[PDB]
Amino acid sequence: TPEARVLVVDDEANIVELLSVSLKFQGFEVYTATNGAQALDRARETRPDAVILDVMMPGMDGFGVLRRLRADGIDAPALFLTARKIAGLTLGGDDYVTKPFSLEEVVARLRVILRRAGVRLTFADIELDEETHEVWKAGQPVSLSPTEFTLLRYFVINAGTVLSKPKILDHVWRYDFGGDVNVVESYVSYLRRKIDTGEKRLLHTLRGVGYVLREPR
């Protein structure tokens, strides 16, 4: 059975399939629309658990549509896709992500709005607060940058899975990022000197394959 029913609405088909492929892979049941009519129809046809909405769409905007769905009885929270004005995106049970986004941030925020509508991350001695973005190593606090935290959360969620540098970059970095994978090497080096300082090495290198967060064998 799926994690949730998600309606993805954006006038850009490339943003729509990028989200639908990632979320379909993460266990979600995904329906799409590239306009307000299609959106209203699909939402009435499938009654989703949450809606991902491009804020800037030709003709009918999401706000008009949300008002109609909620007046029917569909109280599904919205995760707005906004450009980098439009305000009110954090009212009720809704939240938003700015374009260009990363796959990790869209799923993370989507999961928050769903949990909020209807619990710290740990691996060995690493503790993550998804709310505050606070980190601890052996009960001691460690300060991490936004990128360092997203990367650690990716590894923790995917503990014991070998993750290649191109895969990490496609999930952790924004989809408009134009550089190579040495940025991943740099951020693994920072993570190591901040949260892999204990007797046992937890973040491992497998040459030409990837990185893996696992307890030493």
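We number the residues from 1 along the sequence you see.
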| property | result |
| --- | --- |
| Gap size, residue 85 back to residue 84 (deposited sequence, no coordinates) | 4 to 9 |
| Count class of coordinate-free deposited residues lying between the neighbours residue 118 and residue 119 | 4 to 9 |
| Higher-B stretch (mean Cα B-factor, as the entry records it), 65-73 or 152-160 | 65-73 |
| Mean temperature factor over C-alpha atoms, higher-scoring stretch between 171-179 and 32-40 | 32-40 |
| C-alpha B-factor winner, where the candidates are 134, 104, 125, 95 | 125 |
| Where the record places residue 54 (Cα B-factor, split into thirds across the chain) | middle |
| Record-listed C-alpha B factor of residue 79: chain third | lowest |
| Among modelled residues of the same chain, the CA temperature factor third for residue 100 | lowest |
| Relative C-alpha B-factor of residue 146, binned into the chain's lowest, middle or highest third | lowest |
| Position of residue 114 among the chain's modelled residues by C-alpha B-factor, lowest, middle or highest third | middle |
